[PDB]
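FYI, the numbering just counts along the sequence from 1. Below, each value reflects all heavy atoms present in this structure, side chains not excepted, and no hydrogens, waters or symmetry copies. Order of listing sets the numbers, starting from 1, for every ligand and every atom in it.
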Amino acid sequence: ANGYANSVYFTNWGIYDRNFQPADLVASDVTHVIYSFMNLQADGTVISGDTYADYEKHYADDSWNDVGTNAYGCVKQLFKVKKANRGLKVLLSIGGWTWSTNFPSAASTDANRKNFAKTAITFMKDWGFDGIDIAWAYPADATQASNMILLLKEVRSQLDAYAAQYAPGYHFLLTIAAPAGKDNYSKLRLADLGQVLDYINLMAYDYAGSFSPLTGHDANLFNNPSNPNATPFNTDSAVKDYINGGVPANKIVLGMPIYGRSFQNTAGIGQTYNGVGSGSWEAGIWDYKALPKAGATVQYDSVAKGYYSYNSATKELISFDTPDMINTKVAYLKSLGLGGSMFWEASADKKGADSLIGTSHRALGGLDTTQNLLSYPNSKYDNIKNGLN
Ligand SMILES: CC(=O)N[C@@H]1[C@@H](O)[C@H](O[C@@H]2O[C@H](CO)[C@@H](O[C@@H]3O[C@H](CO)[C@@H](O[C@@H]4O[C@H](CO)[C@@H](O)[C@H](O)[C@H]4NC(C)=O)[C@H](O)[C@H]3NC(C)=O)[C@H](O)[C@H]2NC(C)=O)[C@@H](CO)O[C@H]1O
Ligand SMILES: CC(=O)N[C@@H]1[C@@H](O)[C@H](O[C@@H]2O[C@H](CO)[C@@H](O)[C@H](O)[C@H]2NC(C)=O)[C@@H](CO)O[C@H]1O
Ligand SMILES: [Zn+2]
Ligand SMILES: [Zn+2]
Ligand SMILES: [Zn+2]
Ligand SMILES: [Zn+2]
Ligand SMILES: [Zn+2]
């Protein structure tokens, strides 16, 4: 890369209720769009989890009078984004939190690995994408951790062979979503990941929610020793462990939530609570663009480095990131020589000054400008093959 990553997860299910289409991305703020998620079978077969969202949906300019086999849905919409934003690379993300059960099996044999790599890369070269993100949540033991490395080396090796025939000189990106929890990351082959991958998207959030006994900061930088119940986890320990484990700092992209976690029937941060309540689309999770709510006031834990909102009238607290938090996390990641910012996820962001991804872009300054690929001469989609010309 020739500068900081400013990367955002784009969810293919975001096109429905959330009505967030690839054209809605503020592409000028983004170095990498990570397209989420592909599903996975136990025999390593990577599959579309939604073929309509992925390549069948016709947008206002998608004609049914097109000759040949053509890609539509988000695939064509993201290729349009790639054409208008040559510094924007699009990565295919496989698995995610709900679709990781088949990873151990998928990685367990040379045959399954070879099948995973081949089917993954097929979608990538057919859809006109710049690389593959593997979001296996998570390797549970030494066998799975070793096999994850064997899987990534199979994918790297097949990407390079694909490039050598159909995109000579182009470097396809290989990335992972990485856990911030020591229970999880202590099992990874960190030094192997640091060697084989372009980026580790550190998922430095989901520290506290319905799964927590007490209200907690969702994505704090540091431990609060004068209120440790408020910081069950901290990003700093995770980042240091990844670097000292042998992931080069510059390959670590700091993940940041574009949503908050709500706590109801609670006194405050570090305190006892009863239920997360309602959410934006799902119980106890609020889109950052729905935050802070009318009435609630944003307090800042300056030790933990984590903002939250509390309604003293309704006793609701919501851990979420503000623009100011983004500026602090960017100052932080630049201090440790990290590779940039990652966001989960695009649909929940505000527009203008108050955009978390926008704020990250200005804070980082010199974004990665490495050129994307528009040449897919082996795509089974004529429109992709012809670069939508
Ligand atoms: C990089 C990585 O590991 N990512 C972590 C994420 O896994 C995690 O984000 C959560 O991701 C899960 C999927 O893994 C996602 O689950 C989705 O839930 C939504 C419901 O909100 C479903 O959306 C519906 O889909 C149907 C059709 O499929 C639509 O018709 C309907 O309109 C949708 N409903 C709404 C309201 O939009 C998705 O189907 C489902 N996806 C899958 C594949 O199961 C969670 O929503 C994500 N959670 C959050 C908080 O965003 C993330 C944060 O915890 O951490 C990532 O880094
Ligand atoms: C820091 C840590 O390990 N916390 C765990 C949480 O990560 C985890 O929540 C889940 O974490 C994933 C991010 O790494 C998300 O993809 C996923 O959406 C999220 N699960 C939920 C509840 O949204 C919880 C599991 O309940 O465990 C913590 O220990
Ligand atoms: Zn709906
Ligand atoms: Zn059609
Ligand atoms: Zn290379
Ligand atoms: Zn590389
Ligand atoms: Zn810029």
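- Counting non-hydrogen atoms of neighbouring residues, nucleotides and ligands closer than 6.0 angstrom, the NZ atom of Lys334 exceeds 12 such neighbours.
- For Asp29 and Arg362, the salt-bridge test fails: no basic side-chain N is under 4.0 Å from an acidic carboxylate O.
- When the heavy atoms of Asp206, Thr235, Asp183 are ranked by distance to atom 5 (C) of ligand 2, first place goes to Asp206.
- Checked by atom type, the side-chain pair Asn19/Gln21 shows a donor-acceptor distance below 3.5 Å.
- Of all protein heavy atoms, the one lying nearest to atom 29 (O) of ligand 2 is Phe233 CZ, 4.4 Å.
- The protein non-hydrogen atom at the shortest distance from atom 1 (C) of ligand 2 is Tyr207 CD2, 3.6 Å.
- A tilted orientation is assigned to the rings of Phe10 and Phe20, their planes being inclined by 30° to 60°.
- If you check the side chains of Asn220 and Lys305, you find no donor sitting under 3.5 Å from an acceptor.
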Practice prompt. Using the ring-ring contact (aromatic ring centres under 6.0 Å, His included) rule, take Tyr72 and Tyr55 through it: C-alpha gap first, then chi angles, then the decisive distance, then the call.
Written response: CA-CA 4 Å; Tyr72 301 98; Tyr55 58 83; 9.6 Å; no
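- Taking atom 3 (O) of ligand 2 as the reference point, the nearest protein heavy-atom neighbour is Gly181 CA, 3.7 Å.
- Between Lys114 and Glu154, no side-chain nitrogen of the basic residue sits less than 4.0 Å from a carboxylate oxygen of the acidic one, so the salt-bridge criterion is not met.
- Counted within 6.0 Å of NZ on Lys182, heavy atoms from surrounding residues, nucleotides or ligands total 12 or fewer; the atom is thus considered open.
- Annotation for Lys80: atom NZ does not count as buried by contact number, only 12 or fewer foreign heavy atoms lying within 6.0 Å.
- By the 4.0 Å heavy-atom criterion, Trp344 is excluded from the residues contacting ligand 2.
- In terms of protein heavy-atom proximity, atom 23 (O) of ligand 2 is closest to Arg261 NH2, 3.0 Å.
- If you check the side chains of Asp54 and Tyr35, you find a donor sitting under 3.5 Å from an acceptor.
- The nearest heavy-atom contact from the protein to atom 16 (O) of ligand 2 is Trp97 CB, 3.5 Å.
- Separating the CG atom in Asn378 from the CD1 atom in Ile121 is a distance of 11.5 Å, to the nearest 0.5 Å.
- Between the side chains of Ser347 and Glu345, a donor-acceptor pair is found at a separation under 3.5 Å.
- By the 6.0 Å contact criterion, CG on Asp61 is open, its count of non-hydrogen atoms from other residues, nucleotides or ligands being 12 or less.
- Contacts of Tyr138 with ligand 2, taken as heavy-atom pairs under 4.0 Å, involve the side chain alone.
- Scanning the protein heavy atoms around atom 28 (C) of ligand 2, the nearest turns out to be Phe211 CE1, 4.0 Å.
- Proximity of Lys182 to ligand 2, defined as any heavy-atom pair under 4.0 Å, is not found for any part of the residue.
- At a threshold of 4.5 Å between non-hydrogen side-chain atoms, the residues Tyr288 and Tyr259 do not count as touching.
- Around the Zn ion (ligand 5), protein N, O or S atoms at less than 2.8 Å comprise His171 ND1.
- Protein N/O/S atoms closer than 2.8 Å to the Zn ion (ligand 4), listed by chain and residue number, are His58 NE2.
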